[PDB]
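Every number in full-length UniProt numbering is 1315 more than the matching position in the sequence shown, counting from 1.
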Amino acid sequence: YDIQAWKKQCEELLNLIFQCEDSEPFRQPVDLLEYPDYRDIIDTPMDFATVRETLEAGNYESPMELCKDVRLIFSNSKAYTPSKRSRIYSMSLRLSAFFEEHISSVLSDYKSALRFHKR
Ligand SMILES: O=C(O)c1ccccc1O
């Protein structure tokens, strides 16, 4: 029932993601010189370094907020891809499955901690 435990759990999950080869296209903001039409399709760029920095700055109030930003990295890849069989989009799908399988317990534990506190 540790209400604060999600933060270190998310830091550790981000460490695992940064080690994953599938995260390489998503570690830093999409290079706008390499993809000049990116902002014509994507309204809100997001990347894992931004997520980590937001977390480290103390600017997430809950793991659900972090999860919304990570999910935005994946939805941006899905929206920008010219093909559902592209290399970068295929990496995003694997990385998304890995993230979802690991974040589930972080969210569950946080929500359980809040409920225990309210009780
Ligand atoms: O699928 C792609 O080719 C792609 C390229 C740049 C950024 C995100 C992407 O999904």
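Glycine included, C-beta positions come from ideal geometry on N, C-alpha and C.
Near ligand 1: residue i beta-carbon under 7 angstroms from a heavy atom
i, result
"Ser1407", "yes"
"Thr1359", "no"
"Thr1365", "no"
"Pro1340", "yes"
Under the three-state DSSP convention, the category residue i falls into
i, result
"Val1421", "helix"
"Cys1382", "helix"
"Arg1434", "coil"
"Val1345", "coil"
"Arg1400", "coil"
Residue i versus the options, residue with shortest Cα-Cα distance
i, options, result
"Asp1337", "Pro1351, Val1421 and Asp1362", "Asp1362"
"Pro1344", "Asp1352, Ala1428, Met1406 and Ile1388", "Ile1388"
"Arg1386", "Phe1414, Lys1426 and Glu1371", "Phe1414"
"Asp1358", "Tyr1395, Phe1333 and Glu1368", "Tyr1395"
"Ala1364", "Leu1328, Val1421 and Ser1419", "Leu1328"
"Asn1391", "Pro1378, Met1379 and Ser1405", "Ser1405"
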